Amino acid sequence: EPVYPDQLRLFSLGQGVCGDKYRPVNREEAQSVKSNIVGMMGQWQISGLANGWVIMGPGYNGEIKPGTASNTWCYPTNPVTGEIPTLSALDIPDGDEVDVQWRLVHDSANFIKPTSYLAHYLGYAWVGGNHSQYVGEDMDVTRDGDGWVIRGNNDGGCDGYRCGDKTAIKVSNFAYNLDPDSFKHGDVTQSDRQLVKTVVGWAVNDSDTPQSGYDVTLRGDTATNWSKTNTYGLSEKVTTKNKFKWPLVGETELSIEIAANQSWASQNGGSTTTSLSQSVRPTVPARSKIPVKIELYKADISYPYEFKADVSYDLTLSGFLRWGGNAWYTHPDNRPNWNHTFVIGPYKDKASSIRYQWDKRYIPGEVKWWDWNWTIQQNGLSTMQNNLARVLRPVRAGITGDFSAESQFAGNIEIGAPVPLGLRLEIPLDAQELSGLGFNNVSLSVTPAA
């Protein structure tokens, strides 16, 4: 009876008031799923809990204390029980795509038995081999070309009606999505931040009135020269859903962006040009000038890196449904040949999402495929939960290589204390010299704040 965070609902109906069939979350329950509640709240949001308690937003460190709130965190009085556990990821070391797929489909405890049991619990017949009395044992794994086929061994003979018509578990359409947040690295092989030059000058206010209305801004461009290797071949097929910035390691700054819908392996490095954009709005006293300075740095860094790529695939259950016991919502009693594919990974549609179907199993309007409530009645909730937890356990492949980058950047434009004499600048810039240092099209300008 844990509190399931996805069944929480925030109501805005008055102090301690929930919607129909909801009851307020109490301070103990809230504390048990604090991070989940707080992550759904506004920075300084304060939300009600049962009996005069409130939970506060992340700005307040999600504290739980006595308080009055006209909005309330609520939970069903009759929740949907037995949520499918989200197990920790199943890691597959980096390797070629064949290596990765090979390890996954030959895995008895983590793949063959769980998917075999799924099909069995759904009503599919003969999900096992001839030399075993148990489901998902004596299973041959063969190739369908691009896809894999897991099916009970059929050599020799068997006892049962249509026993030679072994149900087939098919695995196809593998996808690999790199999770940027999974980043980690080894020893930072090389690191350092070097001052190559200091650009110094003056901003002068030759008027009888203090000047505060001029932006002083630096523009131009540098370049980050970088490279990244891929230890194995899976990287050829790995992509990221969204563009992201190469992570910051150390006390330097890089502006590298990894592009979405593009092969990890095709993104191996080069020269990414970066714009200089520092700006500041100084106040210069009347008839005085201020020292303005900009430090120009260069830095490099190298390390072995690693990311994880979430592995997804189509799981197609193919065989006939047992008479007097199957989960299809119309419960066919004519042992029809059946085909159904689940997408093991992110959601694509309702028909292929086990999680969606399971979570929505008490909404009759939604039961258009498998009747998960019937699987529970047959096997018990626990059995079904544990099985789906394994079927849906995240599979992740390690994506490794070496990273190396050489960068150039400016620090902030700094302003000094005023010395006696619109706003004007006196800051010498030598284009060629600057170019030699990796700083191009450099300019320093004054413009009104308007």
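Sequential numbering from 1, following the sequence displayed.
According to the entry, the stretch of the deposited sequence that connects residue 421 to residue 422 contains 10 or more residues lacking coordinates, which leaves a long gap in the model.
Judged by mean Cα B factor in the deposited record, 359-367 ranks above the other of 94-102 and 359-367. Two stretches are in play, 142-150 and 79-87, and the higher mean C-alpha B-factor belongs to 142-150.
Taking only the listed residues 251, 310, 295, 215, the entry reports the highest CA temperature factor at 251. In this structure the maximum Cα B-factor among 282, 336, 269, 304 is found at 336. Among all modelled residues in its chain, residue 41 ranks in the lowest third by Cα B-factor.
Looking at the C-alpha B-factors along this chain, the one for residue 15 belongs to the lowest third.
Looking at the C-alpha B-factors along this chain, the one for residue 342 belongs to the lowest third. Among all modelled residues in its chain, residue 113 ranks in the lowest third by Cα B-factor. Sorting the modelled residues of the chain by their CA temperature factor places residue 437 in the middle third.
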